[PDB]
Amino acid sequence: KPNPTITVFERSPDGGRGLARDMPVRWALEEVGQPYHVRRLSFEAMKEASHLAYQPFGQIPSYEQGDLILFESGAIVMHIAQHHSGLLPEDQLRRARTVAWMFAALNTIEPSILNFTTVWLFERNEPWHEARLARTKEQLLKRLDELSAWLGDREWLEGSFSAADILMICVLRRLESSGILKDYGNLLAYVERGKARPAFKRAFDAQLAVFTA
């Protein structure tokens, strides 16, 4: 069985902080102990027609393994989790709820974060910057209130560590620079619990090596 190959930025705009969407894929591969390879793409290469055969929207990551080509970080993590052990529970009820939280990370929490970080980072010096910022921030804090209340004292989202936690923690890490998570003690601790796992460190060190290459 051939190791998979994933596409990643040659020069990531994240400063080596492991915030690009290859990170949850790398982390999933490390959790299941699957060796993998990367193909580094320049910004120009990502826009070439050849890359569209791998990712139809000219983005990263894609995943190639033999005849299989996949895209969507969420779907790539799903595929890894479906064919190895340790990222999805065996019990069918628990599994279905784990998949709910995978979708929630990407389709409920992520949009609230990105609506905020887009205004915060990309739209300064064109008002009402601070005004649009205040609105998206209010909606974000409401979603974090909801997530925090639901999580309570749980170690992970659905019993044992899962693919949902990989996706949710990588999404929440987009808030590290803002300091917003300091106001949500259990969410901060949750993110730190994930970052302390050895597979997280192996994935993080690998994206950092691409950055410092």
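Numbers for residues come from their place in the sequence shown, where the first is 1.
- In this entry, the higher average B-factor at the C-alpha atoms falls on 176-184, of the pair 176-184 and 154-162.
- Between the stretches 19-27 and 185-193, it is 185-193 that shows the larger average CA temperature factor.
- Between the residues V32, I69, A45, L144, the entry's highest C-alpha temperature factor is the one at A45.
- Per the PDB record, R124 has a higher Cα B-factor than any other of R124, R95, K137, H79.
- When the modelled residues of the chain are ordered by C-alpha B-factor, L106 sits in the lowest third.
- Ranked by C-alpha B-factor against the other modelled residues of its chain, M168 falls in the lowest third.
- Sort the chain's modelled residues by C-alpha temperature factor and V99 lands in the lowest third, per the entry.
- Sorting the modelled residues of the chain by their CA temperature factor places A213 in the highest third.
- Ranked against the other modelled residues of its chain, the C-alpha B-factor of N115 as given in the entry falls in the middle third.
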